[PDB]
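One chain comes next, on its own, written as structure tokens: the form deposited in one PDB entry.
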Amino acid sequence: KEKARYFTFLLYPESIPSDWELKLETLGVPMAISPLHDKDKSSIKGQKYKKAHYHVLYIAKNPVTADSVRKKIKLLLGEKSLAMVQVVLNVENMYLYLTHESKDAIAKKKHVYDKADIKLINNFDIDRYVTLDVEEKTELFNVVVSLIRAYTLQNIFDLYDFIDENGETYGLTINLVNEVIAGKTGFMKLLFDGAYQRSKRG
């Protein structure tokens, strides 16, 4: 009865309608689908590859429960397309996993698939699910502060422009600055005020 937003499960071509992809789209939910996993080293006796399958990365809008997600997929594709739906405890790791390009896949030397074969439904983008921890945010925010003093950046445009240029040096991007300074605009306003009247003293 746990409730989460990130889920994963398998679909096999053998028990899904041909237009399954367009159907999954009608759910309005964002999804990542693996290249076809058709070259997975099996370890059954005398079997080279596993039964071919897709991995689906599925992110619900609000915390729901695995079972709810399962009945939804069953109703959509047929009661015979789904048995189990794990909750994903690490979206990044599991996104990489789709192409077996994650740390645990790399170490197990699993077959690597093609990024270009991944299917993105409903504007899914992994970039939106990897988000800073609290300490990274603190860390980056302090970097932002030293940038603003170091360069007497008078306002957010000036900061933005500076990031456009020198961003990589400091590990920063436009979107990352936005995530970093969220909830801290009061503090930002102190900084730009400071920068503003400093520049006026020169």
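In case it trips you up, residue 1 is the first one in the sequence shown, and so on.
Note on 9 to 17 vs 177 to 185: mean CA B-factor is higher in 9 to 17. Legend: mean Cα B-factor per stretch from the PDB entry, 105 to 113 versus 68 to 76; the higher mean is in 68 to 76. Each of 48, 137, 149, 37 has a CA temperature factor in the record; the biggest one is found at 48. For residue 81, the recorded CA B-factor ranks within the highest third of the chain. Only modelled residues enter the ranking.
Ranked against the other modelled residues of its chain, the C-alpha B-factor of residue 44 as given in the entry falls in the highest third.
In this PDB entry, residue 158 carries a Cα temperature factor that places it within the lowest third of its chain's modelled residues. When all modelled residues of the chain are sorted by CA temperature factor, residue 26 is found within the middle third.
In what follows, reference is made to the form deposited in another entry, a form of this protein that is not presented.
The listed options are 36, 48, 78, 131, and the one placed at a hinge of the rigid-part motion between this form and the one not shown is 131.
Between residue 175 and residue 121, the Cα distance is greater in the other form than in this structure, by no less than 3 angstroms. The pair residue 132 and residue 124 approaches in the other form: their C-alpha atoms are at least 3 Å nearer to each other than in the form depicted.
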